[PDB]
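J.: Please find the sequence and an experimentally derived structure below.
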Amino acid sequence: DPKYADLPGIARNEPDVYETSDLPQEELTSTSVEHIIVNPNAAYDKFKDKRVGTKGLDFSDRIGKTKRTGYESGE
Amino acid sequence: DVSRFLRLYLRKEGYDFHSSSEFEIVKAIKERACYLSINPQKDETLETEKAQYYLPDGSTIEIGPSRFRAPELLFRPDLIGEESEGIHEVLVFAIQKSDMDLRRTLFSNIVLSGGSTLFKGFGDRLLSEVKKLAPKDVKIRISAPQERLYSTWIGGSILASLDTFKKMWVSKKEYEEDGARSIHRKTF
């Protein structure tokens, strides 16, 4: 504004930002899906107490005693 | 199946291959860049060299001990998840059905055959296997020519060249008369 005052060639009456007056899932809805929550804390506390024993569950290209099984020990 | 398991090896190594033409190349390696050892667990613990195979393109393809690790399944059928007893024990079961006197002959009379049996110390490893299987003072002797394929072809070349072979073959009209069950009588 003071610059506009001090500058003679600068005219006025200008709506500066000239603009355009602009004015302003289904898979679950199938005949066969059953999307169910496991109730994370419920199933978690359930399987949580179920201890799991392991004893060197080792398998990668390991030769000796052909059959192997993960979580070897018991708990 | 061993080669298919080697395609499994490929995916574990990172070789993204799933074609039968690629499978041919795997078989070319199988017959070419694939051997046997005699020590399973020992060589398993032993550090390999990762034999770099080269494609027709020439791409570096390391192997490792997988070349003899995959035929361990031929002796350890459960590696693919298939209950059996291994070539050695199955043959020992065949020995069990024979008789002690005839068994010694068969220890001396071992006819290894098939191109699949072509490996470094294949029969030698198997010798050690059966030595751990067969009792003491048992002289095991293997017979395995270099043509474990054409041995059948030449055997048919001889058998087919016989005059008594008339009865051995089946005439065309014979099957055309009644049926193959006659030949099934002839096949036993």
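T.: Perfect, I can see it now. Residues are numbered from 1 along each chain as shown, chains lettered A, B, ... in the order given.

J.: Count the residues that sit near residue B:73.
T.: The local packing of residue B:73 (other Cβ atoms under 10 Å in any protein chain shown) involves 19 other residues. Quick note: C-beta positions are derived from backbone N, CA and C, even for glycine.

J.: which residues are contacting the helix or strand hosting it?
T.: Following DSSP states H and E, the helix or strand that holds residue B:73 is helix B:72-75. With Cβ atoms under 8 Å, 6 or more residues apart in numbering or on different chains as the test, helix B:72-75 has contacts from A:63, B:2, B:5, B:40, B:79-80, B:86-88, B:129.

J.: Let's have the residues you listed in JSON lines, adding distance to residue B:104 and neighbour count.
T.: Below are these laid out as JSON lines (distance: Cβ to Cβ, whole Å; neighbours: other Cβ atoms under 10 Å in any protein chain shown):
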{"residue": "A:63", "distance to residue B:104": "32", "neighbour count": "17"}
{"residue": "B:2", "distance to residue B:104": "32", "neighbour count": "18"}
{"residue": "B:5", "distance to residue B:104": "36", "neighbour count": "16"}
{"residue": "B:40", "distance to residue B:104": "28", "neighbour count": "18"}
{"residue": "B:79", "distance to residue B:104": "32", "neighbour count": "18"}
{"residue": "B:80", "distance to residue B:104": "34", "neighbour count": "15"}
{"residue": "B:86", "distance to residue B:104": "22", "neighbour count": "19"}
{"residue": "B:87", "distance to residue B:104": "20", "neighbour count": "17"}
{"residue": "B:88", "distance to residue B:104": "17", "neighbour count": "19"}
{"residue": "B:129", "distance to residue B:104": "18", "neighbour count": "20"}
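
J.: Pipe the residues you listed into TSV and attach secondary structure and distance to residue B:168 per row.
T.: Compiled in TSV, the contacts of helix B:72-75 are given as follows (DSSP: H, G, I helix; E, B strand; the rest coil; distance: Cβ to Cβ, whole Å):
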residue	secondary structure	distance to residue B:168
A:63	coil	47
B:2	helix	35
B:5	helix	40
B:40	helix	44
B:79	helix	41
B:80	coil	39
B:86	helix	35
B:87	helix	30
B:88	helix	33
B:129	helix	36
